[PDB]
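# task: produce atomic coordinates for the following.
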Amino acid sequence: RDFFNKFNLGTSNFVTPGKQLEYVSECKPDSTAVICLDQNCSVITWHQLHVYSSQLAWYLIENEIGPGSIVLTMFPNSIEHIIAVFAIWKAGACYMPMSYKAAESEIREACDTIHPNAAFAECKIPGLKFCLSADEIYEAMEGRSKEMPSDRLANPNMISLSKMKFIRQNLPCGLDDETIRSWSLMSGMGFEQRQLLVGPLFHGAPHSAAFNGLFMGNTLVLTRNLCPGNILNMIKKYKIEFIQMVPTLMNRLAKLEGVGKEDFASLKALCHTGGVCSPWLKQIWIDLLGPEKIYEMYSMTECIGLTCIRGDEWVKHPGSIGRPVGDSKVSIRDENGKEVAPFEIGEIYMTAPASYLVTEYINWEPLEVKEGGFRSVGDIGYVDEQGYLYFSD
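Numbering: from 1, shown residues only. See below for the structure:
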């Protein structure tokens, strides 16, 4: 069939990340998949990425890491981290990332709460099935089949950390046409755009951006030095076309001496999420790149909902965080649970996209859900006549 997912050489709509990696590497085996700046630069082709992650999955499989297993991953932003994730998922296991700078008490708390079965880490954690350093993953690979293990689902695919709270994604990793299209409409990401990653891979947003980027055949550029002047140089030098960032980074980049439209001209889309972006900072970026290039996603508290808004809509609805994505709905309600008129202030109830409905805060009791699938955390705001949502405080 002829899929919106242009690499899908197969028969089903839904494709796992490993199968998608296979398809992409068949189409362009020797193009660069990941570029890593460490000054020191390393690269890996789609074909190597595919082959090494398959070899590493066979090692997981021999060690009985699979569905039901949880693999803690504490590599920094590196090729090896990327390989590890694909290998974990190719084996059906659940990926659990944390900072490579996590403190000992946090590692201890995470192990004592989740009880992971293995790990990728530079410092050896006792009592696990294995604990491989970044150098050791190549040794674990040596000798193993270059063919991917037979395709399989990894559910849950991830547990992530935000004293500590753990969020578990009870759905298999991968995407279908509808979810790719929808990701592309909310983020501005298209097919075959060089992406620069400037968030840590253990955060949820940068995780999505990197692996949805690789899923779409985009080359991923990773950097360890997140100094703004450096980031800007990397944008130019690699002709970056897509970048996701937090508002803090947008604020610093806009303040660099000299900067202007021309420095960012390679960009097709800038996506921002994961912190308040003031109207001032938004206007500055709309003026730097053009309003159709600024994409924003606002994920509500506790996953009750997700909105998005593009810069040209934001100029027409200034202050808004967008409209609920896809088939999601928002309902602004008064103190008796009744929906109100446009511009009236009340509690924000929302329905959630598919993926959020099967996302769980571990050891936290879920929210009350009203009829239609509506939840609230008590946020206060309003909608305008076109359904754009605004916060009051």
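# let me see the contact set for the nearest residue to residue 59 once chain neighbours are set aside.
With Cβ to Cβ, 6 or more residues apart in numbering as the criterion, residue 59 has its nearest non-adjacent residue at 4.4 Å, and that residue is residue 140. Yep, even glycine has a C-beta here, placed from its N, CA and C like the rest. Residue 140 sits next to 56, 59, 130, 132 when contact means Cβ atoms under 8 Å, 6 or more residues apart in numbering.
# host element of residue 140?
Here residue 140 sits within helix 136-141, counting by DSSP states H and E.
# so where do the helices sit in the stretch 251-393 of the chain?
279-289, 311-316, 354-357 (DSSP state H, counting those that start in this stretch).
# could you say which one of those comes nearest to residue 173?
Closest to residue 173 of those is helix 354-357 (Cβ to Cβ; 10.5 Å).
# need the CA coordinates for the helix holding residue 140. CSV is fine.
The C-alpha coordinates for helix 136-141 follow below in CSV (Å, rounded to 0.1, in the frame of the first residue of the first chain):
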residue,chain,number,x,y,z
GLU,A,136,31.4,-2.5,26.2
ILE,A,137,28.4,-2.4,23.9
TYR,A,138,30.7,-3.0,20.8
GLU,A,139,32.2,-6.1,22.5
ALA,A,140,28.6,-7.4,23.3
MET,A,141,27.9,-7.0,19.6
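# what about that helix, distance to the chain center?
26 Å (Cα atoms, centre = their mean, to the nearest Å).
# again, but for stretch 383-393
Distance of stretch 383-393 from the chain centroid (Cα atoms, centre = their mean) equals 26 Å.
# so the closest residue to residue 77 other than its chain neighbours: helix, strand or coil?
Spatially, and ignoring its direct neighbours in sequence, residue 77 is nearest to residue 222 (4.7 Å; Cβ to Cβ, 6+ apart). What DSSP: H, G, I helix; E, B strand; the rest coil gives for residue 222 is strand.
# just give me the neighbour total for residue 222.
Residue 222: 22 surrounding residues under other Cβ atoms under 10 Å.
# quick check: it touching residue 198?
No: here residue 222 lies out of contact with residue 198, judged by Cβ atoms under 8 Å, at a distance of 9.2 Å.
# and the strands in the stretch 151-300 of the chain?
Using DSSP state E, counting those that start in this stretch, the strands assigned to the stretch 151-300 of the chain run over residues 158-161, 166-169, 195-197, 220-223, 242-245, 269-272, 294-299.
# so can I have JSON lines of the ones you listed showing distance to residue 85?
Shown next, in JSON lines, are these (distance: least, Cβ to Cβ, whole Å):
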{"stretch": "strand 158-161", "distance to residue 85": "9"}
{"stretch": "strand 166-169", "distance to residue 85": "13"}
{"stretch": "strand 195-197", "distance to residue 85": "13"}
{"stretch": "strand 220-223", "distance to residue 85": "12"}
{"stretch": "strand 242-245", "distance to residue 85": "17"}
{"stretch": "strand 269-272", "distance to residue 85": "21"}
{"stretch": "strand 294-299", "distance to residue 85": "21"}
